[PDB]
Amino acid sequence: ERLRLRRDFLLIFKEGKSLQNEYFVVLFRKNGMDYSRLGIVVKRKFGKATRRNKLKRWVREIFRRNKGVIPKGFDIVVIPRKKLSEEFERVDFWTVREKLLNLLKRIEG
């Protein structure tokens, strides 16, 4: 998952596909590899280091533990949505996991 966002975010956004739910947008494109790579784009307005780092930790953990079931061969960008910033402190880890995994497991084909 060393996805280098500064170069590849534009390309994924323009050429990839997207899925979303109330908490996340996930953008994805085929990478031509036998593994997927993750990047996380957290808007500055989501908060200071503690808050943004908490979200990024959760996201990294969910991807790492679930790599074996997430489809292979995609570059994936996870973007938290306004509603997740609104609600963060009231959403527990298992809900974040559920909501993220439902999009990740639908990346096709």
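In case it trips you up, residue 1 is the first one in the sequence shown, and so on.
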Of 11-19 and 83-91, which one has the bigger average CA B-factor? 83-91
Comparing 73-81 with 43-51, the higher average Cα temperature factor in the PDB entry belongs to 43-51
Quick tally, chain-level thirds of C-alpha B-factors: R60 sits in the lowest
Lowest, middle or highest third of the chain for the C-alpha temperature factor of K67? highest
The third of the chain into which the C-alpha temperature factor of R106 falls is the middle
